[PDB]
Structure formats: C-alpha cells, structure tokens
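Working notes, structure below.
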Amino acid sequence: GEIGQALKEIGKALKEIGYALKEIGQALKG
Amino acid sequence: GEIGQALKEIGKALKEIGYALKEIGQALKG
Amino acid sequence: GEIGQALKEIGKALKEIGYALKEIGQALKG
Amino acid sequence: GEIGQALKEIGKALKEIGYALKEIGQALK
Amino acid sequence: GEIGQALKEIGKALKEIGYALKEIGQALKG
Amino acid sequence: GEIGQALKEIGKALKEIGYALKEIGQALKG
C-alpha cells in the first residue's frame, strides 16, 4: 500500500546511510 | 495522502543525509 | 492532523541534520 | 495519542542528534 | 500496540545514535 | 502487519547505523 511502500523507501535510504558510515569507518582505518 | 506525502519528504531528507555522508567519506579518504 | 504534523516536524529535523552534515563535509574540504 | 506521542519522542531524539552533530562540527574547528 | 511499540524501538535506536555521536565528538576534541 | 514489519526493518537499520557510529568512535580513539 501507500504507507508501506513509503516505509520501504525510508528503509532503503537508511541502509544507504549505514553503508556510507561503514565507508567512513573504512576511511578512518586507512 | 497526508501521511504518504509526509513520509516521502522524510525519504528525501534521508537520501540527502546519505549523499552528505558519502561526501564526508570521500573527503576523509582523499 | 496529529500524525501528519508530527511527521512534518520529523522531516524538518532531518533537513537540519542533513545541513549539519554538509557543513561538516565542507569543513573537511577546507 | 499513542502514535503521536511516540513520534514526538522520535522528533526529540532527532533534535539531540542535530545538537551532537553541531558539536562535532565545532570540534573539527 | 504493534505500531506504538515499533515506534518506541525506533526512538530507542535514535537515542543510541545520539550517544554514539557524543562519543565521536569527545574522541575528536579529546 | 505490513506497517509493523516495515517499522521493524527501519528499527533494525537504525541499530545498524548506531553500531557503525560506535565503530567510527572507537577508530577515532585509536
């Protein structure tokens, strides 16, 4: 439905944020 | 609807947060 | 309504977070 | 109501995250 | 309810994210 | 339900973000 699909896109954006934070952590490790 | 469109804007703000973290990681990397 | 307005405030808070991250990335570039 | 109050608490958590990020920005200076 | 308790767990994770950012801020100036 | 399960995936993504931030903070110490 409308709300569920909108929540799935929010979940997708959060996974992308989580991925970007791992990259940051990798960068800080050298 | 009201709730669906409000969630959509939250989704956009989260994608923008992801983009900004991506840039931070690239700046730390380089 | 109650929920829609509360989701709008959450959306504004995420915009501010996104902005603060852009500021951090701009600092890291300068 | 139940959902609105839980969303207000989520907004409150987002304000503290914003605040911590601004302290991080100034720590980088 | 189902949704209320799910949103309370989301608030809980966000509070943990807040703390984690505080500790980053301390590691940075410290 | 659809919405409750979507919210649990969002909660899990946020716990993953908190965890990545703790790793960043630990890396900024050592």
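Here is how the numbers come out for the structure above:
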{"read-out": "Environment charge at B:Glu9 (Cβ cut-off 12 Å; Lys +1, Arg +1, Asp -1, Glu -1)", "value": "+2"}
{"read-out": "Alpha-carbon centroid distance for the pair chain F / chain C, whole angstrom", "value": "18 Å"}
{"read-out": "With eigenvalues of the C-alpha gyration tensor scaled by 5 and rooted, the protein assembly as shown, Å", "value": "28, 15, 15"}
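Neighbour counts are summed over all protein chains in view; Cβ atoms, including those assigned to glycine, are modelled from backbone coordinates with ideal geometry. Read-outs throughout are calculated quantities, based only on the coordinates presented, and are distinct from any laboratory measurement.
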